[PDB]
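In: build me a structure from this.
(chains A, B, C, D and E)
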Amino acid sequence: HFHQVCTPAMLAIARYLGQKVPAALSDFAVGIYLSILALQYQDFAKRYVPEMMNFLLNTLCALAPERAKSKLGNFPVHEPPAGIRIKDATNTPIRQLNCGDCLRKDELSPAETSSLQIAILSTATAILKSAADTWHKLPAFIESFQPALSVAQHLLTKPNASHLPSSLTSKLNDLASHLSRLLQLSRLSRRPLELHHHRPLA
Amino acid sequence: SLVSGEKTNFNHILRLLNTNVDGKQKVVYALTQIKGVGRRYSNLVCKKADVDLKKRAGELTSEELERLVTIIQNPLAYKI
Amino acid sequence: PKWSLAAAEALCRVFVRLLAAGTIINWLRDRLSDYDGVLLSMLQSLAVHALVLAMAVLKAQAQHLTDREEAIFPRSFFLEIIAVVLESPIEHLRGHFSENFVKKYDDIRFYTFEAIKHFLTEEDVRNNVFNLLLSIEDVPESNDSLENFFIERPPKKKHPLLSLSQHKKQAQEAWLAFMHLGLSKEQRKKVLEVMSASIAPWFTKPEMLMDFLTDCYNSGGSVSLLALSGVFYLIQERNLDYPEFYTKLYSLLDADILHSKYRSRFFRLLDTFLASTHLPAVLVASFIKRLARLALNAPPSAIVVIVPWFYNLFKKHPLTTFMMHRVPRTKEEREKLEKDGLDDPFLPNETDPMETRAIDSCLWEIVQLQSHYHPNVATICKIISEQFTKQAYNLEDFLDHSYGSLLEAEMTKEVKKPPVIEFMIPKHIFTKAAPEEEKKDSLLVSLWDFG
Amino acid sequence: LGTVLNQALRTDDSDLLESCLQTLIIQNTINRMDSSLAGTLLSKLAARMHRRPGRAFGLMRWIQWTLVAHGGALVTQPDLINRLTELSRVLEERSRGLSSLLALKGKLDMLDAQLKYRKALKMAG
Amino acid sequence: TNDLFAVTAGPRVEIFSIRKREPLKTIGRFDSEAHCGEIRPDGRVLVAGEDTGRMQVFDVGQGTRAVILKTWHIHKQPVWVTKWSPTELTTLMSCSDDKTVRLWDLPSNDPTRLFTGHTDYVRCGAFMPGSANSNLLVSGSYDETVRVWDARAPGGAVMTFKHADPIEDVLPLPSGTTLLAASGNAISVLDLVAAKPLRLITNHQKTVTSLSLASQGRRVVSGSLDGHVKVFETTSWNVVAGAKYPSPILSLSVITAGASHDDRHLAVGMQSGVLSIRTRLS
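Out: Residues are numbered from 1 along each chain as shown, chains lettered A, B, ... in the order given. Below you will find the coordinate block:
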């Protein structure tokens, strides 16, 4: 419940997570890194990181195939300032993320940025899948993962599936089906609240 | 639809020099509720304090609350 | 030019002495005019001591360059001094001028305001005069609260310099001149920050602030959050309205305000706005449910603010505690609810708060936020979970809390209480598969390549 | 001050009316304000026209700019012509003396001009 | 005929003299608040409701008399308004803030009747003036609803009108035909014989606080958080006159003299805690 060292590091993750509107794909990558770090921190002690879920949905909309238009959760949608978003590169496949991505490159090639962004999207799909798996409890499930389904079907739209490869499309379809099944689970399990059923004193 | 409630929160427990528990009955009733302080001495305190007897506890702002506090610490430099 | 400065201060000495003492008088005043020129040069030169020399000879001019008893001093020459002060880049000159003279004297304040009015009637200089207007903060309360003048405390007893309404009028005219010439975006931001405390008091009639504030308030967003302070200011002082106030606030509170830096001031306005008395249960339940759905995305440094306020609202109205504890009453709906799970009748993104159905919702948000990574946040939802013992939870013990505050808290803990460690560490910290140990790999290794 | 104007005139305020009338921004306020409220303004400024005819420098410029920004309001709702019709009688009381109000000045302003000379004989004297 | 009328501001009530315009007697026997003091039109007994939900009833002579007759704590929830019946010497109504409006007779220790139907904060209500208007009661809520019940059938409301604003105040006309419902800056006259709305009138920036009847059942007065008091006709309901007060007012009444009910003076009770009384004498 408390540690003098451990959960202060969780607080550090909280700061650099809820803050840091991303200005570079290095910031995207370090956010992904601390997202899976906070995953490992909060596994089998299923606590909740709203800053993590916010930043996850934020990079899903900030990779911006077409645009984040309207009615996309209550997480703060920010802007990709230097055009930090995917282009019509459907041939660059996914890959696995590396610590070199923690280095900035303004001379970076568009092919490298497209492969890097598609890798970021695939890894983020895996992150949201694992987060839904470890957070299938916690009865605010629907109210915390309906924006996930929103950004999911928004990127499932054809003006975004045009830029997305079929690998990212299949990953996102699997995540969407899993999330719909789990939303059905949480909706069937949803109950009203009776908190203070107080035991009367003598 | 916008009516100021800057005074409606008054019926609650107050902390003092000796006790931490004090509701509202009267200003002199609270000062009798204070240990070691009686009714007539409490009347002396409020007439010296200029605080109106008609009011109750919780109706009293900070500077005059602490004025009652100071004059119940020292009863001598104020004449008695 | 130090010996030039010595000659200058000795010249001020002999000038104030010849004035305080008193075909030739033409040159006797020509001395003073060429000295006005010399003082302009020595002010554009040290300049702080030259400014002291300037205020001294201005006093001498008021004192004895007239035949009446009335101590009139040159508004024109003082306006030239004003122009060269606001045009010179010396920030220390401007600071010495503000602190030592304008923040002290009411004559200097008032005639400074009228000189500003003329000088702005006729961008760097805009920022200079803007920082000086921001430097003037305090408002006198009464005509006997003025009570200090550099020269000529007037025996008129109806003098405009003796009347506090004329001082606010002249500062108001300087402020109207600045806003009508138009100020920068960030300048507008700082004004909207510090308006209700040191600017909006300085106006006789702040109704033009009502107009411009409802403009920048219906503009939307963070500028509306900043403008809400002035709207509430005018509602208190000169009670003009807004048509549908609580619905505009219901539209105003949104996702990014809990990450905004001005959320503390906004929360204080929020507490008084919902601490008003004549509020319906549907309305306060609407606000509670929306800020709950927002607490699903809030920072912990904002959760610590919002939930003791939730406790206090549940205290101030007990009917909304069916969002706290809703008992199904009949076995028929009990059967229907165990058959199909309950759906939230709360309507998100609904326009009007009195017609959102946050009535018959529940605070599943806080029963989930109980499972938080931060232990004091876990307890600050546990106070919602347990019991309503205390009469009130003050908000000043929860405002001004940031991650900086949380980190210095965990740092101002003991340097080390003897800690605990995780035993049986796997050697496959960075190993990709580890299939001979039957331990599931680190997902960070499964999703990040290390080679 | 346009919302201040709108507020005052739809609750029938005189103090808030006076706060707007004590003070360029006049143009701003009237191009801010609305239409039927401009008709209400016109009616009660006609009341002002009758009850106090001193220095007109502000409010007659105000009704100018009223008819500038929302003069076309009262053609789009024309049924309240007695709003305007009641201006339309005050104006000609306001011009009665102008049959000889210049016959005022010229005999008098020469007598002014005579002391300007009798001053001019003496300050040099 | 009397020189008696009572005010409340906070946890106490205060009966005042008409003649000397002075606070005749202050009563602070209330635990938490005092939401509405009301004296039976006989003229010796007051009834009031605190924020604890309790209501008290007690008698007073013509000086400092505070003899406690009875009380009730059955609402378990703040009772906002209570009123005697203008016909019987025995029965009263009380809107509690929860949803409940209910009817009492002074003999027993139980309410005679109880109506529900409202949903949000119900905070105004009174009886129905009229000789034919025998057993009828209206109550308005923060649910933007006014409902009228007959007493003989304790089912639902006989009628209900919904506004777009939380309904601030309610009163009907002594002719027994119509009622004014004050909701926001606007107040609606609504017919009760045919159950039809007659006319909406607004002349206010802020929401009307209190409304009242004037000279001979003949002119209505509205007072709003704009500090604004207005008088209107009861035939044309046009703007007749009005005045301003330096604080947002909360309550108002003009009170009369005696036979023929010629008005003595206005008392308004404001947010800044001032009861002003402007008097006309004949």
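
In: what about residue 83, which helix or strand?
Out: Because you didn't say which chain, this covers chain A. Residue A:83 is part of no helix or strand, with elements assigned from DSSP states H and E.

In: wait, I meant chain E there
Out: Here residue E:83 is covered by strand E:79-84, with elements defined by DSSP H and E.

In: does chain C sit close to that strand?
Out: No. Contact of strand E:79-84 with chain C (C-beta under 8 Å from any C-beta of the partner chain) is absent, the minimum separation being 10.7 Å. All C-beta spots, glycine's among them, are computed from the backbone N, C-alpha and C.

In: give me the contact status of the helix or strand just after that strand with chain C.
Out: Next helix or strand after strand E:79-84 toward the C-terminus (DSSP H and E): strand E:91-96. No. Strand E:91-96 lies apart from chain C when judged by C-beta under 8 Å from any C-beta; the minimum separation is 10.9 Å.

In: list the buried ones in strand E:91-96?
Out: For strand E:91-96, the neighbour count (16 or more other C-beta atoms under 10 Å in any protein chain shown) marks E:91, E:92, E:93, E:94, E:95, E:96 as buried.

In: what's the closest of those residues to chain C?
Out: residue E:96 (10.9 Å; C-beta to the nearest C-beta).

In: wait, doesn't the closest one sit right on residue E:75?
Out: Yes. Contact criterion C-beta atoms under 8 Å: residue E:96 and residue E:75 qualify, at 4.0 Å.

In: so which residue of chain B comes closest to chain D?
Out: residue B:2 (15.5 Å).

In: my guess is that residue contacts residue E:224. True?
Out: No. Counting by C-beta under 8 Å, residue B:2 sits too far from residue E:224 to count as a contact (11.7 Å).

In: re the thing from before, for chain B, tell me which of the buried residues of strand E:91-96 show up nearby.
Out: Of those, not one also sits near chain B (C-beta under 8 Å from any C-beta).

In: would you mind giving these as TSV with distance to residue D:72 added?
Out: Formatted as TSV, the buried residues of strand E:91-96 follow (distance: C-beta to C-beta, whole Å):
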residue	distance to residue D:72
E:91	60
E:92	58
E:93	54
E:94	55
E:95	50
E:96	54
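
In: mind listing the helices for chain D?
Out: Under the criterion DSSP state H, helices of chain D are mapped to D:2-10, D:15-21, D:25-32, D:36-51, D:59-70, D:73-76, D:81-93, D:101-120.

In: quick one: the helices in chain A?
Out: Secondary structure of chain A by DSSP H: the helices cover A:6-18, A:25-42, A:50-62, A:110-134, A:141-156, A:158-161, A:166-189.

In: and those, which is most packed in?
Out: Greatest average neighbour count among the helices of chain A goes to helix A:50-62 (a mean of 24), per mean count of other C-beta atoms under 10 Å in any protein chain shown.

In: alpha carbons only: can I get that helix in PDB?
Out: What follows is helix A:50-62, C-alpha atoms only, in PDB (Å, rounded to 0.1, in the frame of the first residue of the first chain):
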ATOM      1  CA  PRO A  50      -5.900   7.800 -15.100                       C
ATOM      2  CA  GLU A  51      -2.900   9.600 -16.400                       C
ATOM      3  CA  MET A  52      -1.800   6.400 -18.100                       C
ATOM      4  CA  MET A  53      -5.200   5.900 -19.700                       C
ATOM      5  CA  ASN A  54      -5.300   9.600 -20.700                       C
ATOM      6  CA  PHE A  55      -1.900   9.400 -22.400                       C
ATOM      7  CA  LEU A  56      -2.700   6.100 -24.100                       C
ATOM      8  CA  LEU A  57      -5.900   7.500 -25.700                       C
ATOM      9  CA  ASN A  58      -4.000  10.800 -26.300                       C
ATOM     10  CA  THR A  59      -1.300   9.100 -28.400                       C
ATOM     11  CA  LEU A  60      -3.900   7.100 -30.200                       C
ATOM     12  CA  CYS A  61      -5.600  10.300 -31.300                       C
ATOM     13  CA  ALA A  62      -2.300  12.300 -31.800                       C
END
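
In: for it, which outside residues touch it?
Out: A:13-14, A:17-18, A:22, A:28, A:31-32, A:35, A:38, A:68, A:72-73, A:75-80, A:84-85, A:120-121, A:124, A:127-128, A:131, A:144, A:147-148, A:151, A:154-155, C:295-299 (C-beta atoms under 8 Å, 6 or more residues apart in numbering or on different chains).

In: okay, which residue is most central for chain B?
Out: residue B:27 (5.1 Å; C-alpha atoms, centre = their mean).

In: show me what contacts residue 74?
Out: Just going to use chain A. By C-beta under 8 Å, 6+ apart, residue A:74 lies in contact with A:147, C:254, C:255, C:293, C:294, C:296, C:297.

In: you answered for a different chain; I wanted chain C.
Out: Residue C:74 sits next to C:58, C:61 when contact means C-beta under 8 Å, 6+ apart.

In: sorry, back to before: deepest of the helices of chain D, which one?
Out: Of all the helices of chain D, helix D:2-10 carries the top mean neighbour count, a mean of 22, counting by mean count of other C-beta under 10 Å.

In: what about residue E:266, which helix or strand?
Out: Using DSSP H and E, residue E:266 falls within strand E:263-270.

In: whichever helix or strand comes after that strand and chain B in contact?
Out: Sequence order places strand E:275-279 as the next helix or strand after strand E:263-270, per DSSP H and E. No. Under the criterion of C-beta under 8 Å from any C-beta, chain B is not reached by strand E:275-279; the shortest gap measures 15.8 Å.

In: what helices and strands are in contact with strand E:275-279?
Out: Applying 3 or more C-beta pairs under 8 Å, 6 or more residues apart in numbering or on different chains; DSSP states H and E, one finds that strand E:275-279 contacts strand E:263-270.

In: ok, residues contacting the strand it packs on?
Out: Applying C-beta under 8 Å, 6+ apart, the contact partners of strand E:263-270 are E:5, E:7, E:9, E:16, E:18, E:21, E:214-215, E:223, E:227, E:229, E:245, E:247-257, E:275-281.

In: make a ChimeraX selection of the buried ones in the residues you listed.
Out: Here is the ChimeraX command that selects the buried residues among these (16+ other C-beta under 10 Å):
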select /E:5,7,9,16,18,214,223,227,229,245,247,248,249,250,251,252,253,254,255,256,275
